[PDB]
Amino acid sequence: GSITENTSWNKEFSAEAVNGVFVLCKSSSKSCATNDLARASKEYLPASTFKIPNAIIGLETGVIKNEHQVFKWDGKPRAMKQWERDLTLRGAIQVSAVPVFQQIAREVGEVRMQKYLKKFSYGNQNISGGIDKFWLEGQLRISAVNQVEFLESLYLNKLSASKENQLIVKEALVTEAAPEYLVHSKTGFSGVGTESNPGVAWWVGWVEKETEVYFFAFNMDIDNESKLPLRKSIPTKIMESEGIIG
């Protein structure tokens, strides 16, 4: 397990006047590279990336029955029209249907939710702030490095959850599929934050390319929703210039 600083990559950040970090790890050499060692260890609210552990915990606790469970839309207004539908597990993840996962956390409960974030070594493991908000506005925080450790565990089925439930969540996280490579990933965006205290935007996941696997985690400060696409454009550019997905 090694990490090195690669201040080169900074060009793709500077080009777009973005402050953030990319962490990219090659599984076979167990070696990671980042543009910013300090920021890679800095902990931010997970925002919708929390839907990964939350989904796993919901399956393990039985709250989510199985891979085919449909979360039925009860008709009442949701903060996004995208969310105003019936949704599969993948559907609710792809669209980041927060209220689906707020109810899941509610049924998981504080005690099991804390037990699992400790077993998963997930961030600071602080779920203070309300059972259906701690990852959105409460005290939970996780690093880019911790994300890639967590994702590597999931990939290897080594989290303290059934392998079946880890496989279920992995397939729901597939976002791009090609003959030579598969991408599993999850976006996050906490909001634009306050004056002097921007929000955070995330892109985490891993790339299966030939016999190699690359785990990655991107975060950036964000005070303008206009800039959201940059959470994929900068890591994708980085990953292309490494020959991984381009």
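When you see a residue number, it is the position in the sequence shown, counting from 1. Just so we're on the same page, rigid core means the largest C-alpha set that superposes within 1.5 Å between forms.
> How do 72 to 80 and 160 to 168 compare in 7 other deposited structures of this protein: which one has C-alphas farther from this form after the rigid core is matched?
Per-stretch check in 7 other deposited structures of this protein: the more divergent one is 72 to 80.
> Do the Cα atoms of 39 to 47 or of 177 to 185 sit farther, on average, from the shown structure in 7 other deposited structures of this protein when the rigid core is superposed?
Evaluated in 7 other deposited structures of this protein, the stretch farther from the shown form is 177 to 185.
> Averaged over C-alpha atoms, is the B-factor higher for 193 to 201 or for 51 to 59 in this PDB entry?
Comparing 193 to 201 with 51 to 59, the higher average CA B-factor belongs to 193 to 201.
> Highest mean C-alpha temperature factor of the two stretches 72 to 80 and 85 to 93, which is it?
Comparing averages over the C-alpha atoms only gives 72 to 80.
> Check the PDB entry and point out which of 146, 128, 157, 175 has the largest C-alpha temperature factor.
If I rank 146, 128, 157, 175 by C-alpha B-factor, first place goes to 128.
> With respect to C-alpha B-factor, does residue 107 fall in the lowest, middle or highest third of the chain as deposited?
Highest third - that is where residue 107 ends up once the chain's C-alpha B-factors are sorted.
> Test of reading the entry: by CA B factor among the chain's modelled residues, which third contains residue 24?
Lowest third.
> Mind checking which third residue 42 falls in for C-alpha B-factor across the chain?
Middle third, going by the recorded CA B-factors of the chain.
> Divide the modelled residues of the chain into thirds by Cα B-factor and specify which third, lowest, middle or highest, holds residue 65.
Highest third, going by the recorded CA B-factors of the chain.
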